[PDB]
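In: Fold the following and give me the result.
(chains A, B, C, D, E, F, G and H, ligands or ions: 23)
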Amino acid sequence: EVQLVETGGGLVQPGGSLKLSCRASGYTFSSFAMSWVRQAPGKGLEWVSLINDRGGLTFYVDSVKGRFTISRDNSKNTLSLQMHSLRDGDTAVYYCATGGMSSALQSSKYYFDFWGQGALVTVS
Amino acid sequence: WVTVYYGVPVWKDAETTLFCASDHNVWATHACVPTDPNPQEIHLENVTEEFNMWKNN
Amino acid sequence: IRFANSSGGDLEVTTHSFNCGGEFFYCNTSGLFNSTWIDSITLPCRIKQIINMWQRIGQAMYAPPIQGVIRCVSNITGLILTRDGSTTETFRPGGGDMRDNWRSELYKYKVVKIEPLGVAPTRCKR
Amino acid sequence: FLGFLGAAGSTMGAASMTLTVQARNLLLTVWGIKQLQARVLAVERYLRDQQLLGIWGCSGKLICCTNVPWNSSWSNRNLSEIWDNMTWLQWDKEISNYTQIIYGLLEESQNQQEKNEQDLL
Amino acid sequence: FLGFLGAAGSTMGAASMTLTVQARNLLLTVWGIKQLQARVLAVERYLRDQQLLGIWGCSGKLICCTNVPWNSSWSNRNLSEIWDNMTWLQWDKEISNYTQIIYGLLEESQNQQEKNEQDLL
Amino acid sequence: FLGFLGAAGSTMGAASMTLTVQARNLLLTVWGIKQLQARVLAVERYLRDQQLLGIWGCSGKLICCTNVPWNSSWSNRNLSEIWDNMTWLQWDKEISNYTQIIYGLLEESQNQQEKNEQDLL
Amino acid sequence: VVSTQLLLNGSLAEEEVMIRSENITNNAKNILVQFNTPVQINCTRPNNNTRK
Amino acid sequence: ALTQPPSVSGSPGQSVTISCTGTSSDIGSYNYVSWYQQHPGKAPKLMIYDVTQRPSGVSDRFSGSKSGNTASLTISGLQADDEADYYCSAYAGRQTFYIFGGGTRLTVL
Ligand SMILES: *[C@@H]1O[C@H](CO)[C@@H](O[C@@H]2O[C@H](CO)[C@@H](O[C@@H]3O[C@H](CO)[C@@H](O)[C@H](O[C@H]4O[C@H](CO)[C@@H](O)[C@H](O)[C@@H]4O)[C@@H]3O)[C@H](O)[C@H]2NC(C)=O)[C@H](O)[C@H]1NC(C)=O
Ligand SMILES: *[C@@H]1O[C@H](CO)[C@@H](O[C@@H]2O[C@H](CO)[C@@H](O)[C@H](O)[C@H]2NC(C)=O)[C@H](O)[C@H]1NC(C)=O
Ligand SMILES: *[C@@H]1O[C@H](CO)[C@@H](O[C@@H]2O[C@H](CO)[C@@H](O)[C@H](O)[C@H]2NC(C)=O)[C@H](O)[C@H]1NC(C)=O
Ligand SMILES: *[C@@H]1O[C@H](CO)[C@@H](O)[C@H](O)[C@H]1NC(C)=O
Ligand SMILES: *[C@@H]1O[C@H](CO)[C@@H](O)[C@H](O)[C@H]1NC(C)=O
Ligand SMILES: *[C@@H]1O[C@H](CO)[C@@H](O)[C@H](O)[C@H]1NC(C)=O
Ligand SMILES: *[C@@H]1O[C@H](CO)[C@@H](O)[C@H](O)[C@H]1NC(C)=O
Ligand SMILES: *[C@@H]1O[C@H](CO)[C@@H](O)[C@H](O)[C@H]1NC(C)=O
Ligand SMILES: *[C@@H]1O[C@H](CO)[C@@H](O)[C@H](O)[C@H]1NC(C)=O
Ligand SMILES: *[C@@H]1O[C@H](CO)[C@@H](O)[C@H](O)[C@H]1NC(C)=O
Ligand SMILES: *[C@@H]1O[C@H](CO)[C@@H](O)[C@H](O)[C@H]1NC(C)=O
Ligand SMILES: *[C@@H]1O[C@H](CO)[C@@H](O)[C@H](O)[C@H]1NC(C)=O
Ligand SMILES: *[C@@H]1O[C@H](CO)[C@@H](O)[C@H](O)[C@H]1NC(C)=O
Ligand SMILES: *[C@@H]1O[C@H](CO)[C@@H](O)[C@H](O)[C@H]1NC(C)=O
Ligand SMILES: *[C@@H]1O[C@H](CO)[C@@H](O)[C@H](O)[C@H]1NC(C)=O
Ligand SMILES: *[C@@H]1O[C@H](CO)[C@@H](O)[C@H](O)[C@H]1NC(C)=O
Ligand SMILES: *[C@@H]1O[C@H](CO)[C@@H](O)[C@H](O)[C@H]1NC(C)=O
Ligand SMILES: *[C@@H]1O[C@H](CO)[C@@H](O)[C@H](O)[C@H]1NC(C)=O
Ligand SMILES: *[C@@H]1O[C@H](CO)[C@@H](O)[C@H](O)[C@H]1NC(C)=O
Ligand SMILES: *[C@@H]1O[C@H](CO)[C@@H](O)[C@H](O)[C@H]1NC(C)=O
Ligand SMILES: *[C@@H]1O[C@H](CO)[C@@H](O)[C@H](O)[C@H]1NC(C)=O
Ligand SMILES: *[C@@H]1O[C@H](CO)[C@@H](O)[C@H](O)[C@H]1NC(C)=O
Ligand SMILES: *[C@@H]1O[C@H](CO)[C@@H](O)[C@H](O)[C@H]1NC(C)=O
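Out: Numbering: from 1, shown residues only, chains lettered A, B, ... in the order given. Ligands and ions are numbered 1, 2, ... in the order given. Shown next is the structure:
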């Protein structure tokens, strides 16, 4: 049993900022790469960002590349995503997911093993 | 796939020349390296090693 | 288990030889190794001035005499025994080969060579 | 944390983070000869390993990712066993017989690469 | 222009253009021992500096720009004073007490970089 | 194929594929001094060549393409003669008198490059 | 320290007296016995010698 | 991204196939095409990873494969509880790490 629990505000004005976070338990947090995926309110899934298990490498989808920051703290078992500027197009459910990458000395993943429940973020 | 690592904690049995060190003597006088006043010893966890005092050069 | 004194041979072998205070003593240990199974014990000693070290022949040394009275206090920390060999075993003092006196201190140490290169499979490519 | 060879009993992926710990420890006339021979040898051994890394294209690195594929005949194990269960001492024994084959292949791939890079300039 | 150490009284930014001048100057049996010891030592000192540059990721360079930030507590001066007024002899005295801290940081940042570069391949 | 110096009579472009063959062959107290001097010298000669490649920006390479133009006054020949007809022994004689000029130019271009690369960071 | 039969001024065993040999069943081999406690021995040459 | 917008259906006990079509420098060249199952209002679950493999806890009613630039998910002994939106994704190399197709609603008849 593992848990990923998204927390964070769900309502902002465009032009502002928002920080989401994800608390993890039931697995060694530090052994996994993690990512954020958006669920558009009426459509499908979109990958947004990926962070390495050690926190040194981050990758982004072009649409948020100059706006969002992904960060990790392995001592508290948490992820965070700091949104800035915010667009109406960013309204979505934001899911915390475990997986996405690998670390060279272990088998690759390139898939998402665990998902959280999702924080809902509305840009008005 | 092949990755080269340097500084790997691996060893083999060997016979070499050791030098003397110490803190008008018949034995060691000046041809002896002054000792380290704060010498080290490192415990190696999970290491089993074969010793043979009768073949110790 | 019986203890017995040493067998014959030269003085340097059959007695307890040591250098203390600058003079070379040859002591008779038959008073220590004389028992079946398990105040003070006095061991008489002889002294020499002309010494042939180790087992070499051709290089003798003269030990200058020491003025005054010599007194030495030391720790016996071990023995070298040889077994004389069907219901009993006899142990006698042995010795004469100096490597046995260093082997007893160096028994815990081993010398190894470090080999820092190695290769292993990883999931990456140049 | 640990000092020299402290990671020797650790697994291969736990070790290999301590590579600088070991790398830095590699550096009466008759008595003097014995000491000079010991010092000269330490230098010669050091330089031979450095020359070898150089011809493989790994100069200046402690971790060098090469372009030679791993042959499963050398060791048919998954990354999980090699990096999480085994120690470097155990590994060195397991593939001792293939070391010279691997070294020869590393030299050859560098020679091919080095020439390709000249043709592209 | 100037020969070995000629730039010693020059400012830090005037010097540091002469780095190759100094780098190239680093290279009866009892008499023979004295000379061999002198030669062996020159080699050992040379190699220790080279090993150290290697673990910091500066192998083969005379000027190596690293990824460690400068802490103003080490020396609170602007580039104008450091490079245009001071000499290297003065500078070496000013930050003598921080040399080992800086060296430790340089080793750590290289270890992190070296691993990140493996994960990206 | 061929061992050490086997390619000595081969043309320059036939040789220069064997660079690792030669690179790897460069590595009673009075008797002991003679042997130590021989060993120390082999190390010193090796290191001087390595230092020189380093200051030219060719560290770790057997083939290093530089940014210095060839002056036709050094040798007015086409690539076909140099690489397909001549041997390295013949070439070394042909341009012996220009070796120090070329070496000086190689050092200078590296110093300029090394600084340009600092300004761009 | 150079001696025969008895080993002097050396180190002691940590817990118990220990018997060590290359081959304990070979009577041609020596047995080294390491004590875990010292036995003190007092030696003397009770003669007021002079030197010339 | 990847495509398969229409719904899919069949009666219990009938198999269904769900397509996922991409391009060459994406799904064709990388054998990393996972599938996820999302019931409305719930987080997605991983059903298939890499190409054919399934996570422990996933039943053998779910399997899949790829050919050319087209991947597919096969559901065999279709159950009422399979009514979920199924999504495919793929690793598309560095720079563009992941893409997803639209989901397909599976209706059990
Ligand atoms: C086992 O260990 C013990 C303890 O370490 C050791 O006993 C020591 O022996 C030495 C030498 O016999 C003693 O040192 C002498 O002490 C007297 C005290 O007045 C001095 O006068 C002596 O000086 C003369 O010799 C010097 C030699 O360099 C001359 O320089 C000097 O001018 C004099 O001629 C000398 O210092 C030492 O005191 C004892 N230690 C104790 C605690 O008694 C013992 O010998 C070891 N056993 C064996 C077998 O090695
Ligand atoms: C060592 O001391 C013992 C004890 O005094 C000497 O033993 C005597 O040896 C003679 C030899 O025939 C025997 O007849 C005596 O009976 C022995 N004494 C005892 C108490 O049995 C021994 O000779 C001395 N060893 C040396 C080499 O002088
Ligand atoms: C004989 O053995 C005793 C016991 O090991 C030695 O005395 C010890 O010496 C150490 C040296 O630091 C001290 O720390 C211990 O406290 C001493 N023990 C006692 C009970 O005092 C003694 O020095 C040895 N004698 C010789 C000659 O080496
Ligand atoms: C050992 O004791 C016996 C007792 O008779 C004696 O004859 C013999 O000489 C002793 N050995 C030595 C070396 O003194
Ligand atoms: C050995 O023990 C016996 C037992 O009495 C004794 O008579 C004999 O003298 C002892 N030997 C020595 C050398 O003391
Ligand atoms: C020794 O083995 C134990 C077994 O779990 C491990 O935890 C420990 O870290 C190992 N030692 C080292 C130096 O890692
Ligand atoms: C792998 O090694 C075996 C022998 O160890 C050899 O026969 C085989 O050809 C090698 N594979 C490749 C691809 O070279
Ligand atoms: C692969 O990993 C598993 C651990 O689940 C192990 O049981 C198996 O032996 C490994 N396979 C090989 C090729 O050694
Ligand atoms: C290898 O390490 C993993 C770590 O959890 C452990 O589960 C596994 O059983 C180990 N394998 C062996 C063969 O000990
Ligand atoms: C390496 O050679 C030895 C020689 O006896 C052999 O026993 C051993 O199995 C070989 N190792 C491997 C991995 O085949
Ligand atoms: C010495 O100081 C003077 C002061 O202006 C300066 O011009 C000169 O260049 C300095 N010496 C060197 C070697 O630069
Ligand atoms: C700068 O150095 C001081 C002490 O010299 C230290 O306390 C401080 O944390 C350092 N700053 C940073 C950012 O590490
Ligand atoms: C900065 O430069 C000026 C020169 O105008 C100098 O006066 C000042 O002391 C410098 N500041 C520091 C931090 O040393
Ligand atoms: C540093 O050099 C500049 C060069 O013009 C000079 O103006 C300035 O006063 C110097 N600073 C000191 C402290 O000498
Ligand atoms: C370096 O240590 C010495 C020790 O006396 C001290 O006086 C000096 O001020 C220290 N240097 C700095 C820059 O603090
Ligand atoms: C020697 O010259 C002949 C002339 O054709 C050539 O074929 C041969 O390969 C040369 N030797 C070597 C080592 O190339
Ligand atoms: C080429 O060399 C000649 C002398 O060898 C020299 O005069 C000439 O200037 C050089 N050419 C260039 C472009 O430097
Ligand atoms: C250029 O190559 C030709 C071969 O056709 C040769 O005859 C000529 O001498 C070469 N020219 C020079 C500059 O040496
Ligand atoms: C150089 O080698 C080519 C190879 O075919 C040959 O034709 C040419 O004549 C050679 N030139 C000389 C001067 O030997
Ligand atoms: C090199 O110098 C010597 C000195 O006698 C001269 O004869 C020779 O021609 C020179 N080489 C060239 C290529 O000019
Ligand atoms: C010890 O010596 C006996 C004497 O025959 C021999 O049979 C035995 O094998 C030896 N033990 C060892 C371990 O060699
Ligand atoms: C040995 O004991 C006797 C018993 O009378 C005593 O007289 C003598 O002085 C002691 N010897 C030593 C070295 O203390
Ligand atoms: C030895 O003789 C000298 C002569 O003066 C005397 O002073 C000394 O006390 C004597 N030593 C002993 C131990 O009796």
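In: Tell me where the chain has strands.
Out: Answering for chain A, as no chain was given. When assigned using DSSP state E, the strands of chain A occupy the ranges A:3-8, A:11-12, A:17-25, A:34-39, A:45-51, A:58-60, A:69-73, A:78-84, A:92-99, A:112-115, A:119-123.
In: um, chain G though
Out: When secondary structure is read from DSSP E, chain G shows strands at G:6-8, G:18-21, G:30-49.
In: Residue F:58 is nearest to which of those?
Out: Of all the strands of chain G, strand G:18-21 sits nearest to residue F:58, with 58.6 Å by Cβ to Cβ. Backbone N, C-alpha and C define where each C-beta goes, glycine included.
In: by contact count, what packs against that closest one?
Out: With contacts defined as 3 or more Cβ pairs under 8 Å, 6 or more residues apart in numbering or on different chains; DSSP states H and E, the packing partners of strand G:18-21 are strand G:30-49.
In: Do any residues in the strand it packs on lie close to ligand 3?
Out: Yes: with Cβ under 6 Å from any ligand atom as the measure, strand G:30-49 is seen reaching ligand 3 through residue G:38.
In: Of the strands of chain G, which is nearest residue D:65?
Out: Nearest to residue D:65 among these is strand G:18-21; the distance by Cβ to Cβ comes to 49.6 Å.
In: re earlier: now the strands of chain G as JSON lines including distance to ligand 23 and mean neighbour count?
Out: JSON lines is the format used below for the strands of chain G (distance: least, Cβ to the nearest ligand atom, whole Å; neighbours: other Cβ atoms under 10 Å in any protein chain shown):
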{"stretch": "strand G:6-8", "distance to ligand 23": "24", "mean neighbour count": "22"}
{"stretch": "strand G:18-21", "distance to ligand 23": "41", "mean neighbour count": "14"}
{"stretch": "strand G:30-49", "distance to ligand 23": "4", "mean neighbour count": "14"}
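In: Which positions in chain C make contact with ligand 5?
Out: Within chain C, the positions adjacent to ligand 5 are C:30, C:31, C:34 by Cβ under 6 Å from any ligand atom.
In: For the residue lying closest to residue C:11 once chain neighbours are set aside, give its distance to residue G:48.
Out: In this structure, residue C:11 finds its nearest non-sequential neighbour in residue C:26, 5.3 Å apart by Cβ to Cβ, 6 or more residues apart in numbering or on different chains. Residue C:26 is 21 Å from residue G:48, where distance means Cβ to Cβ, to the nearest Å.
In: and what of residue C:34?
Out: As judged by Cβ to Cβ, residue C:34 and residue G:48 stand 33 Å apart.
In: Next: residue D:94.
Out: As defined by Cβ to Cβ, residue D:94 lies at a distance of 72 Å from residue G:48.
In: Relative to ligand 23, which residue of chain C is the closest?
Out: Closest to ligand 23 within chain C is residue C:69: 4.5 Å, counting by Cβ to the nearest ligand atom.
In: So the one helix or strand that residue maps to, near ligand 22 or not?
Out: In this structure, residue C:69 is located in strand C:68-84 according to DSSP states H and E. No: applying Cβ under 6 Å from any ligand atom, one finds strand C:68-84 separated from ligand 22 by no less than 6.6 Å.
In: close to ligand 4, is that strand?
Out: No: under the criterion of Cβ under 6 Å from any ligand atom, ligand 4 is not reached by strand C:68-84; the shortest gap measures 12.1 Å.
In: Of the strands of chain A, which is nearest residue F:6?
Out: strand A:58-60 (50.9 Å).
In: Provide the strand pairings for the closest one, with the direction of each partner.
Out: For strand A:58-60, the paired strands and their directions (DSSP bridges) are strand A:45-51 (antiparallel).
In: on that earlier part again, and the residue of chain C closest to ligand 23, how far is that from chain D?
Out: Relative to chain D, residue C:69 is positioned 36 Å away (Cβ to the nearest Cβ, to the nearest Å).
In: since we're on that residue, how many residues are nearby?
Out: Counted by other Cβ atoms under 10 Å in any protein chain shown, the residues lying close to residue C:69 total 12.
In: my guess is it meets residue G:46, correct?
Out: Yes: Residue C:69 sits in contact with residue G:46 when judged by Cβ atoms under 8 Å, with a separation of 6.0 Å.
In: Residue D:89 contacts residue B:10, doesn't it?
Out: Yes: between residue D:89 and residue B:10 there is a contact at 5.7 Å, judged by Cβ under 8 Å.
In: Between those two, which is the more surrounded one?
Out: Set side by side, residue D:89 and residue B:10 show unequal neighbour counts under other Cβ under 10 Å, the larger going to residue B:10 at 23 against 20.
In: could you list every residue that touches that one?
Out: The contact partners of residue B:10, by Cβ atoms under 8 Å, 6 or more residues apart in numbering or on different chains, come to C:114, C:115, C:116, C:118, D:8, D:88, D:89, D:92.
In: Output these as a markdown table; include the columns secondary structure and distance to residue E:47.
Out: As requested, these are exported to a markdown table (DSSP: H, G, I helix; E, B strand; the rest coil; distance: Cβ to Cβ, whole Å):
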| residue | secondary structure | distance to residue E:47 |
| --- | --- | --- |
| C:114 | strand | 16 |
| C:115 | coil | 19 |
| C:116 | coil | 15 |
| C:118 | strand | 22 |
| D:8 | helix | 25 |
| D:88 | helix | 25 |
| D:89 | helix | 27 |
| D:92 | helix | 26 |
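In: between the residues you listed, which is nearest residue D:111?
Out: Proximity of these to residue D:111, judged by Cβ to Cβ, is greatest for residue C:118, which lies at 22.2 Å.
In: For that closest one, name its beta-bridge partners.
Out: Per DSSP bridges, the residues bridged to residue C:118 are residue B:5.
In: For residue D:96, give me phi and psi.
Out: Recorded main-chain torsions at residue D:96 are phi -60, psi -40, according to degrees, to the nearest 10.
In: dump the residue contacts of residue 33.
Out: Just going to use chain A. Under the contact definition (Cβ under 8 Å, 6+ apart), the residues listed for residue A:33 are A:50, A:51, A:52, A:53, A:98, A:99, A:100, A:101, A:102, A:103, A:109.
In: ah, I was thinking of chain H
Out: H:20, H:27, H:48, H:50, H:51, H:64, H:66, H:71, H:88, H:89, H:90, H:91.
In: ditto for residue C:19
Out: With contacts taken as Cβ under 8 Å, 6+ apart, residue C:19 has the following neighbours: C:25, G:2.
In: Spatially, what comes nearest to residue D:86 if we skip its sequence neighbours?
Out: Computed as Cβ to Cβ, 6+ apart, the closest residue to residue D:86 that is not its neighbour in sequence is residue D:12, at 5.6 Å.
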